[PDB]
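A short write-up of the structure that comes next.
All Cβ positions, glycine included, derive from the backbone under ideal geometry; neighbour counts span all protein chains shown. Nothing in this text is a laboratory measurement; each read-out follows from the coordinates by a stated rule.
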Amino acid sequence: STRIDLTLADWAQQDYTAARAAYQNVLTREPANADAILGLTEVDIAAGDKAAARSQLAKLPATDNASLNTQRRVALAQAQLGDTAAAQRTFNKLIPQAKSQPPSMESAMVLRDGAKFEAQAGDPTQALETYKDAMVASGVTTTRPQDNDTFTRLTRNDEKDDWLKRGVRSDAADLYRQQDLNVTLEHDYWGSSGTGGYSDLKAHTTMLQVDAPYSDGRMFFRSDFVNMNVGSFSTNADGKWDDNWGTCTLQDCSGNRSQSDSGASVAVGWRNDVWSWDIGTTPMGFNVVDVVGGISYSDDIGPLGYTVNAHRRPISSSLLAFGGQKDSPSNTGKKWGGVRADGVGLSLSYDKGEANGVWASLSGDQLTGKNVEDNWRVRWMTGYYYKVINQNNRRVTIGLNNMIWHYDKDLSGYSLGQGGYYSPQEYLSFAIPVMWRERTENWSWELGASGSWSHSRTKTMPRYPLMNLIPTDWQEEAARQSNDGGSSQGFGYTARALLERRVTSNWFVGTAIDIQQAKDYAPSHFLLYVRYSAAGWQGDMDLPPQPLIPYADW
């Protein structure tokens, strides 16, 4: 029977061979069956046979009289087959007809996919109007939302609604947020303990970001002002010090007792659901400035979602690594530092919304700087998390993470020729993160903690690898000094807290605390940020809150 033969083929797709055979079987009894040929085309293009599908679709009878559901499928197929004009005219004919009819599932789907197509067609405003009409059609609201506030508040999530209403809400909210214009200003105070003069780091960073829509994506302009202070050297006597910094180990230094520097950087970039790219500069005003940037591509493969990126970034772990330092004017006066890491990375993830989720990442970078020994690194990271609580407004998870690092050379020292950044020969870390995210009508927050165990080893390294920089007289001394290697393992912990409050439709404020004690020498951060939305966002806030990230940390 035609009905059951059609049903058997259709049930699979909500899958190729059986459905195609069933559709062909219906084609024997009734060669003019429009639904059978539509299903055959759908299954063919689901297999990626676009070239055959576009030829098959032309065999359908004319649209002299057909239901809205069939015309919606035809329009979607034509749009995805690459014939945008026929789909555009079909939707232009369909949408007023959908509006004229009372609220129904057919008309709701027609308006939803029409809004989606119009958003892809290059008319986001008409897409927003069509979404406004679709919410009326889908039963979300009895009356059309006349202003941005009532339009946005209807997009808040609902636990009792069906799939159609939830999809309409999610799509309307996503499009509205994509079309919004945002201005964010954030202040970061960060640093870590160390030795005064080269490692007693305290830094301030003021970040200004403008986010605007462009095509289906968003473009961003970013400006960063960063000030780094590392204290002053402790003089032993006669106004001289002999710390393990620069060439002071060969001759007691003088002159540059205090060390600090500030600079401004710019960045411009763009990002969409698939592609992302960004280019900018190292903060101008430091000793050494280099151009940095990155590009990234993301796509789904099977059940997994993968991302491949290539980037060049600075290292902000210390002043010598980020902006570089100058040797004391009494000994050499030469400039050195400014380590840049350029390389590639590939990441995979799996999360279908259920209780379990996994992710992994691998990266390979080359580290090169001004008068700094060349280096390279390979890094592996992975994580798994089980969601104890997985409500749409409240998530509580506990998981296990693993990290493995290897570096070619250990250049953690601050002597001339070394970059002063952490670089172990073999590092392993296992952590157990516990996380809780929640949001309310006007409050959103995230709390996180993690205990970890880490092992690290570093090899013996010469103190002055760049022998040509050392003066001829000190040569015999410089070859006789080396930094002793060693291995160490132990426990550590990290904690984080994010909070965000909506005080006005166009005004959001938030604070973030990041404490690092996992024996990784990472600096601790404390930031306050304010965000202004031109159109206003009265719907559900971000979960978690999403503060800005310093451009040097990308």
Do the conditions hold for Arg112, that is, is it in contact with an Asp or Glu (Cβ under 9 Å, 6 or more places away or on another chain) and surrounded by fewer than 21 Cβ atoms within 10 Å (Cβ to Cβ)? no
Looking at (1) assigned to a strand (DSSP E or B); (2) under 25 Å from the mean Cα position of the chain (by Cα); (3) surrounded by 16 or more Cβ atoms within 10 Å (Cβ to Cβ), find the lone condition where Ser456 falls short. (2)
Subset of region 287-323 that is under 25 Å from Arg271 (Cβ atoms) and among the hydroxyl-bearing types (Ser, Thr, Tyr) - its residue that is surrounded by the most Cβ atoms within 10 Å (Cβ to Cβ): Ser316
Residue satisfying condition, being over 27 Å from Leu128 (Cβ atoms) and either in a strand (DSSP E or B) or of a type in the set (A, V, I, L, M, F, W, C) (or both), within set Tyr493, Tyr532, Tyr521: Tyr493
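To keep it simple, each residue is scored yes or no on (1) within 22 Å of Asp300 (Cβ to Cβ); (2) part of a strand (DSSP E or B); (3) of a type in the set (A, V, I, L, M, F, W, C).
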| site | (1), (2), (3) |
| --- | --- |
| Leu362 | yes, yes, yes |
| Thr368 | no, yes, no |
| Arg379 | no, yes, no |
| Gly383 | yes, yes, no |
| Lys387 | yes, yes, no |
| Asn390 | yes, yes, no |
| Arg395 | no, yes, no |
| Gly399 | no, yes, no |
Residue selected from region 165-214 under the condition under 15 Å from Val226 (Cα atoms) and among the charged types (D, E, K, R), by the criterion surrounded by the most Cβ atoms within 10 Å (Cβ to Cβ): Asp188
Could you count how many residues in region 249-289 are in contact with a helix residue (DSSP H, G or I) (Cβ under 7 Å, 6 or more places away or on another chain) and either assigned to a loop (DSSP other than H, G, I, E, B) or aliphatic (A, V, I, L, M) (or both)? 2
Could you tell me which numbered condition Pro544 fails, if it satisfies all but one of (1) assigned to a loop (DSSP other than H, G, I, E, B); (2) over 24 Å from the mean Cα position of the chain (by Cα)? (2)
Is it the case, given these coordinates, that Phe508 is surrounded by 19 or more Cβ atoms within 10 Å (Cβ to Cβ), over 20 Å from the mean Cα position of the chain (by Cα) and part of a strand (DSSP E or B)? yes
Only one residue in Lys99, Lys93, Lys116, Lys59 is among the charged types (D, E, K, R) and closer than 20 Å to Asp10 by Cβ, so which one is that? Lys59
Among residues belonging to region 49-65 that are assigned to a loop (DSSP other than H, G, I, E, B) and surrounded by 14 or more Cβ atoms within 10 Å (Cβ to Cβ), point out the one that is farthest from the chain's Cα centre (by Cα). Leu60
If you check every pair at least six apart or on different chains, which have Cβ atoms under 8 Å apart with a residue in region 379-401 that is under 27 Å from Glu159 (Cα atoms) first and a residue that is of a type in the set (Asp, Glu) and assigned to a strand (DSSP E or B) second? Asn393/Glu438; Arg394/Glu438; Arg395/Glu438
Scanning region 1-33 residue by residue, those outside any helix (DSSP H, G or I) and out of contact with any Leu (no Cβ under 8 Å at 6 or more places or on another chain) turn out to be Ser1, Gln14, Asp15, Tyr16, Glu30, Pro31, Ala32
Do we have any residue at all in region 198-215 that's assigned to a helix (DSSP H, G or I) and farther than 23 Å from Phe508 by Cβ? no
For region 329-360 the number of residues that are part of a strand (DSSP E or B) and more than 29 Å from the chain's Cα centre (by Cα) is 2
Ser107: crowded, with 20+ Cβ neighbours inside 10 Å, over 30 Å from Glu441 (Cβ atoms) and among the hydroxyl-bearing types (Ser, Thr, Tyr), yes or no? yes
Residues being among the small types (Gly, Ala, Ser) and closer than 20 Å to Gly194 by Cα - total across region 224-282: 7
Restricted to region 529-554, and to residues that are crowded, with 17+ Cβ neighbours inside 10 Å and hydroxyl-bearing (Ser, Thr, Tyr), which residue is farthest from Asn227 (Cα to Cα)? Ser533
Report the residue count in region 310-335 for those that are β-branched (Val, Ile, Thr) and more than 17 Å from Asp243 (Cβ to Cβ). 1
Given the criterion more than 28 Å from the chain's Cα centre (by Cα), hydroxyl-bearing (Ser, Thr, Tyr) and within 30 Å of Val530 (Cα to Cα), identify the matching residue among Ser100, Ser107, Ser138, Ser193. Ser193
The condition from (1) surrounded by 15 or more Cβ atoms within 10 Å (Cβ to Cβ); (2) farther than 17 Å from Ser415 by Cα that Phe233 misses is numbered (2)
Check on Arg480, within 41 Å of the chain's Cα centre (by Cα) and of a type in the set (D, E, K, R): no
Give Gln24, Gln80 a once-over and let me know the one that is surrounded by fewer than 17 Cβ atoms within 10 Å (Cβ to Cβ) and closer than 30 Å to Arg169 by Cβ. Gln80
Can you name the condition, by its number, that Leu498 falls short on among (1) crowded, with 18+ Cβ neighbours inside 10 Å; (2) part of a loop (DSSP other than H, G, I, E, B)? (2)
